[PDB]
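Okay, so here's the structure we're looking at.
Chains as they are written, first to last, in PDB author numbering: chain B, 293 to 342; chain L, 2 to 9, 11 to 31, 35 to 57, 65 to 72, 74 to 80, 83 to 109, 114 to 126.
Shown next as structure tokens:
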């Protein structure tokens, strides 16, 4: 909800003293799309063995 | 794939003739998956030349076979009057038998 509730959950308490008193979290940027690039070839001759 | 055979063949009795068979496939087992069949007009075919490095029993040594690359060859030493028949080659490499167009061998 807000940084106050986040640091409350981090400290596992409803009362937080003056100051940071802990490290809130770590920022990690996520992905937004996908980039696939396989090779371009012909069908594999699997009938030659099976 | 599909096999290719000449439309017809000609040869005088006593000499030798060669029948070509191009289009034979292969697999991981070998390259000798070529067989020949002779069918006289008015009866069922008969297995004459298969596994060209060998030959079945009861067949004279006049019928010989070979294969160079993707082309098969059928060698007949002596020609007789009872040799006028359609000769088909068969490729049975990829678990699938395919008969060629056939050739007309006349003496």
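Beta carbons are placed, not taken as given, at the ideal position from N, Cα and C, and that holds for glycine.
#### Entry: Unbroken stretches of the alpha helix (DSSP H), 4 residues or longer, contained in the stretch 293-330 of chain B
295-303
#### Entry: Contact set for residue 45 of chain L: own chain, Cβ-Cβ below 7 Å, skip 5 residues either direction
If you number the second chain from 1, residue 45 of chain L lands on position 40. Taken in chain order, the residues that qualify are 100.
### Task
Would you please verify whether the beta carbon of residue 74 of chain L is less than 7 Å from any beta carbon of chain B?
Within the second chain, numbered from 1, the residue matching residue 74 of chain L stands at position 61. Not one chain B Cβ lies under 7 Å of residue 74 of chain L.
### Query
So which residues on chain B does residue 4 of chain L lean against when the C-beta distance must stay under 9 Å?
In the second chain, counting from the first residue as 1, residue 4 of chain L sits at position 3. Within chain B, no residue comes near residue 4 of chain L; the closest Cβ sits about 18 Å away, beyond 9 Å.
### Message
In the DSSP assignment, the beta strand (DSSP E) including residue 336 of chain B goes from what residue to what residue?
### Response
Taking the first chain and counting its residues from 1, the one referred to as residue 336 of chain B is at position 44. Neither: residue 336 of chain B is in no beta strand (DSSP E) and is coded neither H nor E.
### Query
Going by C-alpha distance, which of L:121, L:96 and L:109 is nearest residue 15 of chain L?
By 1-based counting over the second chain, the position of residue 15 of chain L is 13. When only C-alpha atoms are compared, the closest one is L:96.
### chain L contact residues for residue 341 of chain B, given Cβ-Cβ distances below 9 Å
Translated into the one-based positions of the first chain, residue 341 of chain B becomes position 49. Neighbours of residue 341 of chain B on chain L, chain order: 29 and 30.
### Task
Take the Cβ of residue 23 of chain L as the centre, count every other Cβ of all protein chains shown within 10 Å, and call the residue buried at 16 or more, exposed below.
As a first step, residue 23 of chain L must be located in the second chain, where it is residue number 21. Classification for residue 23 of chain L: buried.
### Query
In the DSSP assignment, what are the bridge partners of residue 66 of chain L?
Within the second chain, numbered from 1, the residue matching residue 66 of chain L stands at position 54. Per DSSP, none; premise fails for residue 66 of chain L.
### Neighbouring residues, chain A, relative to residue 109 of chain L (Cβ below 8 Å)
The structure shown contains no chain A; its protein chains are B and L.
### Query
beta strand (DSSP E) containing residue 98 of chain L: first to last residue?
Taking the first residue of the second chain as position 1, residue 98 of chain L is located at position 83. No beta strand (DSSP E) contains residue 98 of chain L, which DSSP labels as neither H nor E.
### Counterpart residues of residue 123 of chain L in DSSP-defined beta bridges
If you number the second chain from 1, residue 123 of chain L lands on position 104. DSSP, once it has assigned bridges, lists L:9 and L:101 as partnering residue 123 of chain L.
### Query
From residue 335 of chain B to residue 324 of chain B, what does the alpha carbon distance come to, in whole angstroms?
Locating residue 335 of chain B in the first chain gives position 43, where the first residue counts as 1. Locating residue 324 of chain B in the first chain gives position 32, where the first residue counts as 1. If you take the alpha carbons of residue 335 of chain B and residue 324 of chain B, they lie about 32 Å apart.
### Query
What number of angstroms, rounded off, separates the C-alpha of residue 55 of chain L from the C-alpha of residue 103 of chain L?
Reading the second chain from its first residue, position 50 is the one you call residue 55 of chain L. Reading the second chain from its first residue, position 88 is the one you call residue 103 of chain L. C-alpha separation (whole angstroms): 11 Å.
### Query
Where do the ends of the beta strand (DSSP E) carrying residue 28 of chain L lie?
Position 26 of the second chain holds residue 28 of chain L. Careful: residue 28 of chain L lies outside any beta strand (DSSP E) and carries neither H nor E.
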